[PDB]
Q: 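Sharing a structure here in structure tokens format.
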Protein chains: 2
Amino acid sequence: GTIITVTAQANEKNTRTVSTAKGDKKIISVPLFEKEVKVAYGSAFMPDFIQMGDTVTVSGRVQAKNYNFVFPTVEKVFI
Amino acid sequence: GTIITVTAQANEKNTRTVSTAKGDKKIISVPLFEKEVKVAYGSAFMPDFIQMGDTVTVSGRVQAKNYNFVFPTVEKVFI
């Protein structure tokens, strides 16, 4: 299988809060690779405890249709 | 940063041996994500000890131009 793991700061540039059937959720959009050609971005739902300005690690399978993480693990990173 | 980690069997379908300035190298081509839309594939050089039929974990940054792993870690997996 394939696992993509991204570490990024959740901020105004890459994170939005949306209404869902499960209430307010943050959704982050992160680059799936680098360049020296446009970079593809994957989206993942954040757990409720995550706050704007947190650094997080998003890890899991990604599905392409648009790129979405599937059953991601999201961890808060501390500095 | 972004790290892509793939576990796959090195076989006739996804691995070739090529001449390089550093002698014979195996190069594996692995899918960077899944689908239900074509899947992008990344390539990585295998360490010399890897053999056809081995299962390996390839982990590292990937660069798009074509997708190549950058300074990948390659580990043999045992069953």
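We name chains A, B, ... by the order of the sequence lines, and we start the count at 1 in each one.
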Q: Between the main-chain N or O of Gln9(B) and the side-chain N or O of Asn14(B), is there a donor-acceptor pair closer than 3.5 Å?
A: yes
Q: Of the non-hydrogen atoms in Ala44(A) and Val58(A), which two are nearest, and what is the gap between them?
A: CB-CG1, 3.8 Å
Q: Does atom CD (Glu75(A)) have a neighbourhood of more than 12 heavy atoms from anything else shown, all under 6.0 Å?
A: no
Q: Which heavy-atom pair separates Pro31(B) from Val6(B) by the least distance, and what is that distance?
A: O-CG2, 3.8 Å
Q: So how far is it from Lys38(B) NZ to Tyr41(B) OH, rounded to the nearest 0.5 Å?
A: 11.5 Å
Q: Could I get the full list of side-chain hydrogen bond (donor to acceptor under 3.5 Å, both in side chains) partners for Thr7(A), not counting sequence neighbours?
A: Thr57(A)
Q: Check the pair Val70(B) / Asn68(B) against side chain to side chain contact (heavy atoms under 4.5 Å, CB included), numbers first and verdict last.
A: CA-CA 6 Å; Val70(B) 182; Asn68(B) 298 296; 5.8 Å; no
Q: Within a 6.0 Å radius of atom NZ on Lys65(B), are there more than 12 heavy atoms belonging to other residues, nucleotides or ligands?
A: yes
Q: Under 4.5 Å between side-chain heavy atoms, counting indirect links through other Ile/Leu/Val/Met/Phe/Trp/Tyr residues: same cluster for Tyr67(A) and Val62(B) or not?
A: yes
Q: Crowded around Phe49(A) CZ? As in, over 12 foreign heavy atoms under 6.0 Å?
A: yes
Q: So, do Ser59(B) and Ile4(B) sit near enough that their side-chain heavy atoms are less than 4.5 Å apart?
A: no
Q: Can you confirm whether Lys76(A) sits close enough to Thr55(A) that some side-chain heavy atom of one is under 4.5 Å from a side-chain heavy atom of the other?
A: no
Q: Kindly work out whether a path of hydrophobic side-chain contacts (I/L/V/M/F/W/Y, heavy atoms less than 4.5 Å apart) joins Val39(A) to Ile3(B).
A: no
Q: Can you find a pair of side-chain heavy atoms, one from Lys35(B) and one from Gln63(A), that are under 4.5 Å apart?
A: no
Q: Measure across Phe33(A) and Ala40(A) and return the closest heavy-atom pair with its distance rounded to 0.1 Å.
A: CZ-N, 3.5 Å
Q: Could you tell me the separation between the NZ atom of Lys13(A) and the OG1 atom of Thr15(A), rounded to the nearest 0.5 Å?
A: 12.0 Å
Q: Can you check whether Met46(A) reaches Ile27(A) side chain to side chain, under 4.5 Å on heavy atoms?
A: no
Q: Can you get from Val30(B) to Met52(B) by hopping between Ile, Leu, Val, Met, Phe, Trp and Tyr side chains that sit under 4.5 Å apart?
A: no
Q: From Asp54(A) CG over to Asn11(A) CG, what is the distance, rounded to the nearest 0.5 angstrom?
A: 11.0 Å
Q: Can you check whether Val56(A) reaches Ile28(A) side chain to side chain, under 4.5 Å on heavy atoms?
A: yes
Q: Check whether any side-chain heavy atom of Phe69(A) lies under 4.5 Å from a side-chain heavy atom of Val74(A), and answer yes or no.
A: no
Q: CD1 of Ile50(B) to NZ of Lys26(B): how many Å apart, nearest 0.5 Å?
A: 8.0 Å
Q: For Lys25(A), is there an ion pair with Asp48(A) - N to carboxylate O distance below 4.0 angstrom?
A: yes
